[PDB]
């Protein structure tokens, strides 16, 4: 299933399986904030995308509540990967942990819950 925003940000789906997904991307010049580092919205979009894909392997679902914890700043050129794993699957909701990693370092931690339509 094509995701226009993911493609606009240059994010690619690497792997998809029941309740899990791995999305990859690279911080580009157009993803930076005024300080020369990756904008918080880009790293979130990346993690949120892995989250969207992993959650929808279970059926139609939409983002309900998500948390993003930032640990390390990134500059242009940095290769990034977001790996989503299912921590809970219920009939009406599901929760996923998404780790954002760059060169073996945990850049950010995303926690999200979807509402299963």
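Residue numbers count along the first chain shown, from 1.
Task: Selected stretch [higher average CA B-factor]: 39 to 47 or 53 to 61 - done: Comparing 39 to 47 with 53 to 61, the higher mean C-alpha B-factor belongs to 53 to 61.
Open item on the list: Could you place residue 87 in the lowest, middle or highest third of its chain by Cα temperature factor, using the values in the record?
Closed with: Answer is middle: the recorded C-alpha B-factor places it there.
TODO: Would you mind ranking residue 8 by its C-alpha B-factor against the rest of the chain and naming the third, lowest, middle or highest?
DONE: Residue 8: CA B-factor falls in the lowest third of its chain.
Task: Position of residue 30 among the chain's modelled residues by C-alpha B-factor, lowest, middle or highest third - done: Middle third.
TODO: Could you tell me which third, lowest, middle or highest, the C-alpha B-factor of residue 67 occupies within its chain?
DONE: As the PDB entry reports it, the C-alpha B-factor of residue 67 lands in the lowest third of its chain.
- [ ] Compare the C-alpha B factor of residue 100 with those of the other modelled residues in its chain, then answer lowest, middle or highest third.
- [x] It falls in the bottom third of the chain.
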